[PDB]
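Take a look at the structure set out below.
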Amino acid sequence: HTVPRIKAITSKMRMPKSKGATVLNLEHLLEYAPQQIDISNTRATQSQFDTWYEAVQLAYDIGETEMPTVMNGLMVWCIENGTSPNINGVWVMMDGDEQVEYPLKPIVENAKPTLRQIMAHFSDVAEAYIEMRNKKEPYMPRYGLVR
Amino acid sequence: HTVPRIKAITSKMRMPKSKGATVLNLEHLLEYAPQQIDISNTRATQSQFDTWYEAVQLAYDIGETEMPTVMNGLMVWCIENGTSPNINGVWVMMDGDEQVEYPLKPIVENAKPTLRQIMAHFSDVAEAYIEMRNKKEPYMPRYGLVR
Amino acid sequence: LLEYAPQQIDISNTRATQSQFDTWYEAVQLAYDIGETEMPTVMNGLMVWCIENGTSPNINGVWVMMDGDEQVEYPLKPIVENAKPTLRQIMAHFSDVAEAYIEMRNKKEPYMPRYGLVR
Amino acid sequence: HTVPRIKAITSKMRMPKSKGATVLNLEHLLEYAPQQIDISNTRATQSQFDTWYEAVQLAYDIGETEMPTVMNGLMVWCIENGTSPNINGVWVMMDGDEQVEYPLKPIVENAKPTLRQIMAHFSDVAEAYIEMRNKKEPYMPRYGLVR
Amino acid sequence: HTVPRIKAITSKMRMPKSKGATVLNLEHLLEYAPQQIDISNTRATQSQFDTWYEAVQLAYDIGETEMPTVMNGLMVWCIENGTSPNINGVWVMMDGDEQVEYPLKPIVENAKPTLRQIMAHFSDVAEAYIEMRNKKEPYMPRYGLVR
Numbered sequence: 042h043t044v045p046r047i048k049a050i051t052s053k054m055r056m057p058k059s060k061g062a063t064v065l066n067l068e069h070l071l072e073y074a075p076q077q078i079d080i081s082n083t084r085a086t087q088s089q090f091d092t093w094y095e096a097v098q099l100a101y102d103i104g105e106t107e108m109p110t111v112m113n114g115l116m117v118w119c120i121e122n123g124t125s126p127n128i129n130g131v132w133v134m135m136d137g138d139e140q141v142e143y144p145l146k147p148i149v150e151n152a153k154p155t156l157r158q159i160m161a162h163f164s165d166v167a168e169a170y171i172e173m174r175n176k177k178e179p180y181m182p183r184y185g186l187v188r
Numbered sequence: 042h043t044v045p046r047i048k049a050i051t052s053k054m055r056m057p058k059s060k061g062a063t064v065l066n067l068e069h070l071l072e073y074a075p076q077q078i079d080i081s082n083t084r085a086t087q088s089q090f091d092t093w094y095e096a097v098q099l100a101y102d103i104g105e106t107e108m109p110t111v112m113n114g115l116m117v118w119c120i121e122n123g124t125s126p127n128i129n130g131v132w133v134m135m136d137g138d139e140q141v142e143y144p145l146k147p148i149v150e151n152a153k154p155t156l157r158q159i160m161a162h163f164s165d166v167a168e169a170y171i172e173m174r175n176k177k178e179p180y181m182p183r184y185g186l187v188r
Numbered sequence: 070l071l072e073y074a075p076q077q078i079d080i081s082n083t084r085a086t087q088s089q090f091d092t093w094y095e096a097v098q099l100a101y102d103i104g105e106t107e108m109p110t111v112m113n114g115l116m117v118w119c120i121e122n123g124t125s126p127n128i129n130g131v132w133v134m135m136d137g138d139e140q141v142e143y144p145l146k147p148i149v150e151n152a153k154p155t156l157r158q159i160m161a162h163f164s165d166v167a168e169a170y171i172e173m174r175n176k177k178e179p180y181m182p183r184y185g186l187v188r
Numbered sequence: 042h043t044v045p046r047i048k049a050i051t052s053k054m055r056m057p058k059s060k061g062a063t064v065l066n067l068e069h070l071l072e073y074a075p076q077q078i079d080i081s082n083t084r085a086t087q088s089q090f091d092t093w094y095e096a097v098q099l100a101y102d103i104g105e106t107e108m109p110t111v112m113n114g115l116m117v118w119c120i121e122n123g124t125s126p127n128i129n130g131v132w133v134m135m136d137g138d139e140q141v142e143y144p145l146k147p148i149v150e151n152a153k154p155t156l157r158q159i160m161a162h163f164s165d166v167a168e169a170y171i172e173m174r175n176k177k178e179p180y181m182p183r184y185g186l187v188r
Numbered sequence: 042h043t044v045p046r047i048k049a050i051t052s053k054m055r056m057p058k059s060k061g062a063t064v065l066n067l068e069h070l071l072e073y074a075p076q077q078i079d080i081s082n083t084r085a086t087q088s089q090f091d092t093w094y095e096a097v098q099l100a101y102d103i104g105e106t107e108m109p110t111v112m113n114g115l116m117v118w119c120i121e122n123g124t125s126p127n128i129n130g131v132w133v134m135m136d137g138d139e140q141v142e143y144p145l146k147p148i149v150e151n152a153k154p155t156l157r158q159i160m161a162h163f164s165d166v167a168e169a170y171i172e173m174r175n176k177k178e179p180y181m182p183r184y185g186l187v188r
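Chains as they are written, first to last, in UniProt numbering: chain A, 42 to 188; chain B, 42 to 188; chain C, 70 to 188; chain D, 42 to 188; chain E, 42 to 188.
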């Protein structure tokens, strides 16, 4: 009478075993549902990102409220330009009609494992930023996304 | 009258012979029916898997009940990412909204003949895990299965 | 010449010579250091292991035979080595038994091997 | 019926023989499983290390509880700098914001066969120390490890 | 009718001749089938090995039953380390958690033509010893085999 429903884990599926016991905790494996970007190696670890963030803030010698504005310009600068730039150089943020100079050594250095992975944390914001700008001008960046 | 039934081994089939005697024990060959994954070289040997399992547990210096939870995260981390990662790196397991860091040297090393073969022991569980997650989100991993 | 009617597998170079096969057989038995009655059971597992896997495996490795729910380890160096001219030709002696073994197993499960036959 | 199991030592393997008798005690050879770092010549012998340890402690004329703190600084000083320094010099340990001077003659001398081999006893601790520091700053030493 | 069988030595093969007579005793040449390791110069002669064996035993001044245990440790010490070590040094054998010191001068000296050739007598046992240890740990020696 009852229409059967199949389980996710059957009693026929071979679990990995070591010394006669299973090596996976299935009571918690089904519950364990992380996000695909939190456990991907294409993104720098949060410990590495916070290591980079306060290392750049201390190198630039700026406060905690001035720091987010720098990241706004650094994200946009990383949209037009690449994530493998010259370490002995500068990156520019606009203050209206006046360019503002920042050394590129504190940024390329202290970014582990790679600036690409550190900059990949801005990918969701970067995509939204381009689409907003693309709605008012033929904006297309030379070097892909911030990733 | 009787409808004949053909034997599996006829008296006309050439057995391998050495010094006049057959080299195969046919009395036990028909009974011998192993599983295709237990005698395949695409999977690491159980002796090698147990060698890897206690070598990782001892390197991480954790108990026997905490160990299965690590393998739950390591399997999922091996779904999104590959089985040939940087040995000088870390792999991440989520504890809710906080990443947990584990060295990737005890994992890539001590896995013989290859991490792929060691990780291939999770293939049946890995396929079920994706299909369960794929039923609630467009989940697709960059690097295939755990194999 | 008219009387001379050999079998097509006894004079084919896709199969190792009987002198070479017996050279391989006692060379593997002596290397494994096992008796004459235990030896055929090893060949039963080695044939099946050569159905799922290939005949060009890593010489620095092992091949597995099942003892129920326990794997049994055998070095693959005495097998790949001492097999002349090639393990393929040495293993080709099991082709008739290998075909029958698969068809028997295929009658109870969707059994299909990655690496063809034992040949 | 029985699936054979191969012995580690077969009755066909040529043992080294002198005057008709074997030169290896096989009853104890299988049991004899030392650690690869206890019988390696890249590490100074324990007799040599203890010879160096009390020779440095006596030369510095310090107690037994003050001595371990000196080795903490000497290990770190041997991470940034090499293990072949000038014997007519000093090595520095920090006491906060004040450098502390120690002669380098009692260290380079009395270390047999080489300071490198004597300092190689700290390799496991040295690797852990760098990885701990590398998690909070881009720490990389000029002269490799303490080895 | 008879299918011919070819001889190993035909009546057309040029034998080496001196003064009209052959220089090889073919009646015994076919029977003469030595082992490839007994007549190879990569291995020290048995006369040289026994010369080395009792020369080391007499130098160490130990009995005939204590001697095989020393060779067990010396073989393993020659797996991790090389066969060209400093003659003015020591080699270590483990007694559990206590190193045991042996001079390396009686070993490097009295070994003719070379310690390598003298130590090559342990090659078969050395290969088996590593494979046994490699089944329980990622054991790999710096300096190849005992050869």
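Ideal Cβ placement from N, Cα and C applies to all residues, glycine included.
At a CB-CB cut-off below 8 Å, which residues of chain B make contact with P109(C)? As a working mapping, residue 109(C) is identified with position 40 in the third sequence. Identification of chain B residues near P109(C) by a Cβ-Cβ cut-off of 8 Å yields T63, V64, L65, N66, ordered along the chain.
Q87(A) lies in the alpha helix (DSSP H); which residues open and close that run? Taking the first residue of the first sequence as position 1, residue 87(A) is located at position 46. Run containing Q87(A): 87-101, per the alpha helix (DSSP H) assignment.
DSSP three-state call for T83(C): helix, strand or coil? Position 14 of the third sequence holds residue 83(C). Look at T83(C) here: in three-state DSSP terms it is coil, with no helix or strand label.
Proximal residues of chain C, C-beta to C-beta of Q77(B) below 8 Å: As a position in the second sequence, residue 77(B) is number 36, starting the count at 1. Neighbourhood of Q77(B) in chain C, by CB distance below 8 Å: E121, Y180, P182, in chain order.
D165(E): contacting residues in chain D (beta-carbon distance under 7 Å): For this step, residue 165(E) is matched to residue 124 along the fifth sequence. Within 7 Å Cβ-Cβ: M54, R55.
Distance, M108(B) Cα to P57(A) Cα: Here residue 57(A) corresponds to residue number 16 of the first sequence, with the count starting at 1. Here residue 108(B) corresponds to residue number 67 of the second sequence, with the count starting at 1. Roughly 13 Å separates the two Cα atoms.
What number of angstroms, rounded off, separates the C-alpha of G104(D) from the C-alpha of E139(D)? Within the fourth sequence, the letter at position 63 stands for residue 104(D). Within the fourth sequence, the letter at position 98 stands for residue 139(D). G104(D) and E139(D) have their C-alpha atoms roughly 22 Å apart.
Between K177(E) and chain B, is there a C-beta pair that is closer than 8 Å? Taking the fifth sequence and counting its residues from 1, one reaches residue 177(E) at position 136. Taking Cβ atoms only, chain B reaches closer than 8 Å to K177(E), which makes this a yes.
Is it true that the CB of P144(E) sits closer than 8 Å to the CB of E150(B)? By one-based count along the second sequence, residue 150(B) stands at place 109. By one-based count along the fifth sequence, residue 144(E) stands at place 103. The Cβ atoms of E150(B) and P144(E) do not sit closer than 8 Å to each other.
Contacts that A152(A) makes with chain B (C-beta to C-beta distance below 9 Å): Translated into positions along the first sequence, residue 152(A) becomes position 111. Chain-order list of chain B residues neighbouring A152(A): empty, with the shortest C-beta distance near 15 Å, by a criterion of under 9 Å.
Which residues does DSSP list as the beta-bridge partners of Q77(C)? Residue numbering aside, residue 77(C) sits at position 8 when the third sequence is read from its first letter. Its beta-bridge partners do not exist; DSSP assigns none.
Can you give the Cα-Cα distance for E121(A) and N82(A), rounded to whole angstroms? Residue numbering aside, residue 121(A) sits at position 80 when the first sequence is read from its first letter. Residue numbering aside, residue 82(A) sits at position 41 when the first sequence is read from its first letter. Per the coordinates, the alpha-carbon of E121(A) lies some 24 Å from the alpha-carbon of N82(A).
What whole-angstrom Cβ distance do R188(E) and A161(E) have, given they're in contact under 8 Å? Within the fifth sequence, the letter at position 147 stands for residue 188(E). Within the fifth sequence, the letter at position 120 stands for residue 161(E). Approximately 5 Å separates the beta-carbon atoms of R188(E) and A161(E); this is inside 8 Å, confirming the contact.
So for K146(A), helix, strand or coil by DSSP? On the first sequence, position 105 is the one that residue 146(A) refers to. In the displayed model, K146(A) falls within a helix according to three-state DSSP.
Best match in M135(C), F163(C), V97(C) for proximity to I148(C) [C-alpha to C-alpha]: Translated into positions along the third sequence, residue 148(C) becomes position 79. The shortest C-alpha separation from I148(C) is found at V97(C).
Using C-beta distances below 6 Å, list every residue in its chain close to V64(E), excluding the 5 sequence neighbours before and after it, in chain order. As a first step, residue 64(E) must be located in the fifth sequence, where it is residue number 23. Once the five neighbours on either side are set aside, the close Cβ partners of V64(E) are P57.
Counting contacts by CB-CB distance shorter than 8 Å, is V149(C) in contact with chain D? Translated into positions along the third sequence, residue 149(C) becomes position 80. Output row for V149(C): interface = no.
Assuming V141(C) and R46(D) make a contact with CB atoms under 8 Å, what is their CB distance in whole Å? Here residue 141(C) refers to the residue found at position 72 of the third sequence. Here residue 46(D) refers to the residue found at position 5 of the fourth sequence. About 6 Å separates the beta carbons of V141(C) and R46(D), which is inside the 8 Å limit, making them a contact pair.
For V131(D), the first and last residue of its enclosing beta strand (DSSP E): Taking the fourth sequence and counting its residues from 1, one reaches residue 131(D) at position 90. In the DSSP assignment, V131(D) falls within the unbroken beta strand (DSSP E) covering 131-135.
Taking 8 Å as the CB-CB limit, is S88(A) close to chain D? Locating residue 88(A) in the first sequence gives position 47, counting from the first residue. Under the Cβ distance rule, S88(A) counts among the residues neighbouring chain D, one pair being separated by less than 8 Å.
Could you tell me which chain D residues have their CB closer than 9 Å to the CB of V97(C), listed as they occur along the chain? Position 28 of the third sequence, counted from the start, is the residue given in the question as residue 97(C). Under the 9 Å cutoff, chain D gives no residues; its nearest Cβ is about 11 Å from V97(C).
What does the alpha-carbon distance come out to for the pair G137(D) and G185(B)? Taking the fourth sequence and counting its residues from 1, the one referred to as residue 137(D) is at position 96. Taking the second sequence and counting its residues from 1, the one referred to as residue 185(B) is at position 144. Their Cα atoms are separated by approximately 52 Å.
Using 10 angstroms around the beta-carbon of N175(A), count the other beta-carbons present and answer buried if the total reaches 16, otherwise exposed. For the purposes of this step, residue 175(A) is taken as the residue at position 134 of the first sequence. So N175(A) counts as exposed.
For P126(B), return the contacting residues in chain A, with the cut-off set at a CB-CB distance below 8 Å. On the second sequence, position 85 is the one that residue 126(B) refers to. Under a criterion of Cβ atoms nearer than 8 Å, the residues of chain A adjacent to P126(B) are, in order, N82.
If we call anything under 8 Å between Cβ atoms a contact, is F90(E) one with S125(D)? For the purposes of this step, residue 90(E) is identified with residue 49 of the fifth sequence, where counting begins at 1. For the purposes of this step, residue 125(D) is identified with residue 84 of the fourth sequence, where counting begins at 1. It is not a contact, given that the beta carbons lie outside the stated cut-off.
Listed by chain order, chain B residues near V141(C) by CB distance under 9 Å: As a working note, residue 141(C) is residue 72 in the third sequence. The premise fails here: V141(C) is roughly 10 Å from chain B at the closest Cβ pair, so nothing lies under 9 Å.
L67(B) and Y170(C) look like a contact to me (Cβ under 8 Å); what is the Cβ gap, rounded to whole Å? Working through the second sequence from its first residue, we reach residue 67(B) at position 26. Working through the third sequence from its first residue, we reach residue 170(C) at position 101. Wrong, their Cβ atoms sit about 10 Å apart, outside the cutoff.
Going by C-alpha to C-alpha distance, which of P182(B), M54(B), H42(B) sits closest to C119(B)? Position 78 of the second sequence holds residue 119(B). The option with the nearest alpha carbon to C119(B) is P182(B).
Just checking: is the beta-carbon of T43(D) within a distance shorter than 8 Å of some beta-carbon in chain C? Position 2 of the fourth sequence, counting from 1, holds the residue named residue 43(D). It does; some Cβ of chain C falls within 8 Å.
Just to confirm, is the Cβ distance from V166(D) to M134(D) under 8 Å? Working through the fourth sequence from its first residue, we reach residue 166(D) at position 125. Working through the fourth sequence from its first residue, we reach residue 134(D) at position 93. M134(D) is positioned such that its CB atom lies no closer than 8 Å to that of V166(D).
Please report the residue range of the alpha helix (DSSP H) in which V166(A) lies. Reading the first sequence from its first residue, position 125 is the one you call residue 166(A). Following the DSSP letters along the chain, one finds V166(A) inside the alpha helix (DSSP H) bounded by residues 164-175.
Do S52(D) and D102(C) have their CB atoms nearer than 8 Å? In the fourth sequence, the residue the question calls residue 52(D) occupies position 11. In the third sequence, the residue the question calls residue 102(C) occupies position 33. It is a contact, given that the beta carbons lie within the stated cut-off.
Name the chain E residues that come within less than 7 Å of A74(D), Cβ to Cβ? On the fourth sequence, residue 74(D) is found 33 positions in, with the first residue counted as 1. The contacting residues are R174.
If we call anything under 8 Å between Cβ atoms a contact, is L115(A) one with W93(A)? Taking the first sequence and counting its residues from 1, the one referred to as residue 115(A) is at position 74. Taking the first sequence and counting its residues from 1, the one referred to as residue 93(A) is at position 52. It is not a contact, given that the beta carbons lie outside the stated cut-off.
Can you grab the Cα-Cα spacing for the pair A49(B) / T106(C), in whole Å? Mapped onto the second sequence, residue 49(B) falls at position 8. Mapped onto the third sequence, residue 106(C) falls at position 37. A straight-line Cα-Cα distance of about 24 Å links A49(B) and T106(C).
Using 10 angstroms around the beta-carbon of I128(D), count the other beta-carbons present and answer buried if the total reaches 16, otherwise exposed. Numbered from its first residue, the fourth sequence carries residue 128(D) at position 87. With fewer than 16 other CB atoms across the displayed protein chains lying within 10 angstroms of its CB, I128(D) is exposed.
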